[PDB]
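S.K.: Mind having a look at this structure? Questions to follow.
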Amino acid sequence: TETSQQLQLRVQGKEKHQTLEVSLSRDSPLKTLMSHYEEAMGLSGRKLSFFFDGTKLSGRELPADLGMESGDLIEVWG
């Protein structure tokens, strides 16, 4: 919201059927969310790409670094 401990980000694939939302900590990088997402739908190992506002997320950016907030939209491509 404004004093956000963690940010609730909707991480969704190229398919609209492909659908997750997870709480990423503001200090913790996108990579820990990337690993969480794939584990939920058993893609553990077969890792997929992540985009936000067209920006390719390498993993080593933070959500507070990207300028994200609770109720955002991450995208997934594979």
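Just so we're on the same page: first chain in the structure tokens is A, next is B, and so on; residues restart at 1 for each chain, and ligands are numbered from 1 in the order they show up.
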Taking the DSSP assignment computed from this structure's backbone, write out as a ChimeraX atom specification all residues of chain A that belong to helix (DSSP H, G or I).
M.R.: /A:30-40,63-66
S.K.: Keeping only N, CA, C and O atoms, write the selected residues to a file as a PDB file, in the first residue's frame.
M.R.:
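Saved to result_30.pdb:
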```
ATOM      1  N   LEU A  30      13.717 -10.428  -7.141  1.00  0.00           N
ATOM      2  CA  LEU A  30      12.740 -11.105  -7.999  1.00  0.00           C
ATOM      3  C   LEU A  30      13.035 -12.601  -8.143  1.00  0.00           C
ATOM      4  O   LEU A  30      12.113 -13.381  -8.291  1.00  0.00           O
ATOM      5  N   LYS A  31      14.324 -12.984  -8.071  1.00  0.00           N
ATOM      6  CA  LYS A  31      14.776 -14.380  -8.206  1.00  0.00           C
ATOM      7  C   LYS A  31      14.121 -15.343  -7.183  1.00  0.00           C
ATOM      8  O   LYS A  31      13.808 -16.484  -7.536  1.00  0.00           O
ATOM      9  N   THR A  32      13.920 -14.887  -5.922  1.00  0.00           N
ATOM     10  CA  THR A  32      13.285 -15.724  -4.880  1.00  0.00           C
ATOM     11  C   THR A  32      11.779 -15.948  -5.191  1.00  0.00           C
ATOM     12  O   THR A  32      11.203 -16.977  -4.824  1.00  0.00           O
ATOM     13  N   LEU A  33      11.168 -14.968  -5.891  1.00  0.00           N
ATOM     14  CA  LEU A  33       9.795 -15.065  -6.427  1.00  0.00           C
ATOM     15  C   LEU A  33       9.767 -15.991  -7.657  1.00  0.00           C
ATOM     16  O   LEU A  33       8.821 -16.750  -7.840  1.00  0.00           O
ATOM     17  N   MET A  34      10.816 -15.892  -8.496  1.00  0.00           N
ATOM     18  CA  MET A  34      10.970 -16.699  -9.728  1.00  0.00           C
ATOM     19  C   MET A  34      11.018 -18.194  -9.408  1.00  0.00           C
ATOM     20  O   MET A  34      10.389 -19.013 -10.093  1.00  0.00           O
ATOM     21  N   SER A  35      11.761 -18.516  -8.344  1.00  0.00           N
ATOM     22  CA  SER A  35      11.918 -19.881  -7.854  1.00  0.00           C
ATOM     23  C   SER A  35      10.614 -20.370  -7.205  1.00  0.00           C
ATOM     24  O   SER A  35      10.239 -21.522  -7.380  1.00  0.00           O
ATOM     25  N   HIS A  36       9.910 -19.462  -6.497  1.00  0.00           N
ATOM     26  CA  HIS A  36       8.652 -19.788  -5.788  1.00  0.00           C
ATOM     27  C   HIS A  36       7.544 -20.175  -6.801  1.00  0.00           C
ATOM     28  O   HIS A  36       6.848 -21.180  -6.629  1.00  0.00           O
ATOM     29  N   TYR A  37       7.403 -19.320  -7.824  1.00  0.00           N
ATOM     30  CA  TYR A  37       6.446 -19.465  -8.936  1.00  0.00           C
ATOM     31  C   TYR A  37       6.561 -20.838  -9.631  1.00  0.00           C
ATOM     32  O   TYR A  37       5.571 -21.584  -9.729  1.00  0.00           O
ATOM     33  N   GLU A  38       7.782 -21.131 -10.125  1.00  0.00           N
ATOM     34  CA  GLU A  38       8.069 -22.386 -10.841  1.00  0.00           C
ATOM     35  C   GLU A  38       7.796 -23.612  -9.932  1.00  0.00           C
ATOM     36  O   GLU A  38       7.190 -24.574 -10.379  1.00  0.00           O
ATOM     37  N   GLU A  39       8.184 -23.536  -8.636  1.00  0.00           N
ATOM     38  CA  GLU A  39       7.954 -24.634  -7.661  1.00  0.00           C
ATOM     39  C   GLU A  39       6.456 -24.928  -7.458  1.00  0.00           C
ATOM     40  O   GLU A  39       6.072 -26.099  -7.339  1.00  0.00           O
ATOM     41  N   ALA A  40       5.621 -23.866  -7.391  1.00  0.00           N
ATOM     42  CA  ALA A  40       4.157 -23.985  -7.194  1.00  0.00           C
ATOM     43  C   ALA A  40       3.484 -24.854  -8.270  1.00  0.00           C
ATOM     44  O   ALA A  40       2.613 -25.680  -7.968  1.00  0.00           O
ATOM     45  N   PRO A  63      12.027  -5.672  -5.923  1.00  0.00           N
ATOM     46  CA  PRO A  63      10.728  -5.088  -6.343  1.00  0.00           C
ATOM     47  C   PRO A  63      10.672  -3.574  -6.031  1.00  0.00           C
ATOM     48  O   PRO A  63      10.138  -2.797  -6.816  1.00  0.00           O
ATOM     49  N   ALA A  64      11.280  -3.179  -4.896  1.00  0.00           N
ATOM     50  CA  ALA A  64      11.432  -1.767  -4.505  1.00  0.00           C
ATOM     51  C   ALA A  64      12.416  -1.028  -5.445  1.00  0.00           C
ATOM     52  O   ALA A  64      12.304   0.182  -5.639  1.00  0.00           O
ATOM     53  N   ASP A  65      13.370  -1.787  -6.033  1.00  0.00           N
ATOM     54  CA  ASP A  65      14.331  -1.266  -7.043  1.00  0.00           C
ATOM     55  C   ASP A  65      13.613  -0.951  -8.372  1.00  0.00           C
ATOM     56  O   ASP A  65      13.853   0.089  -8.989  1.00  0.00           O
ATOM     57  N   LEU A  66      12.722  -1.872  -8.784  1.00  0.00           N
ATOM     58  CA  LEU A  66      11.924  -1.747 -10.022  1.00  0.00           C
ATOM     59  C   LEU A  66      10.831  -0.666  -9.875  1.00  0.00           C
ATOM     60  O   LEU A  66      10.332  -0.149 -10.874  1.00  0.00           O
TER      61      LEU A  66
END
```
S.K.: Would you list the contacts of residue 67 of chain A as number ranges by chain, taking every protein, DNA or RNA residue within 12 Å and counting only C-alpha atoms, but skipping same-chain residues closer than 4 positions in sequence?
M.R.: A: 7, 26-27, 52-53, 55, 61-63, 72
S.K.: Mind dumping the selected residues with C-alpha atoms as a compact mmCIF listing (two decimals), in the first residue's frame?
M.R.:
```txt
# COMPACT_ATOMS: atom_id res chain seq x y z
CA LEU A 7 4.40 -6.63 -2.05
CA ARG A 26 10.57 -5.50 -0.70
CA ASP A 27 14.26 -6.21 0.21
CA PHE A 52 7.60 -6.23 -15.85
CA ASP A 53 6.65 -3.07 -17.88
CA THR A 55 11.73 -4.76 -18.67
CA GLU A 61 16.70 -6.55 -9.14
CA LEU A 62 14.54 -5.94 -6.07
CA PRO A 63 10.73 -5.09 -6.34
CA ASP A 72 1.13 -5.11 -9.51
```
S.K.: Which residue is closest to residue 8 of chain A? Choose from A:60, A:69, A:54, A:41 and count only C-alpha atoms.
M.R.: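 Among the listed residues, the smallest separation from residue 8 of chain A belongs to A:69.
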S.K.: Give me the residues within 6 Å of residue 10 of chain A as a list in words, counting only C-alpha atoms and dropping any in the same chain fewer than 4 places off.
M.R.: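 Surrounding residues, per the criterion: residues 20, 21, 73 and 74 of chain A.
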S.K.: Could you tell me which of A:4, A:9, A:71, A:78 comes closest to residue 46 of chain A if we count only C-alpha atoms?
M.R.: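 The closest residue to residue 46 of chain A is A:78.
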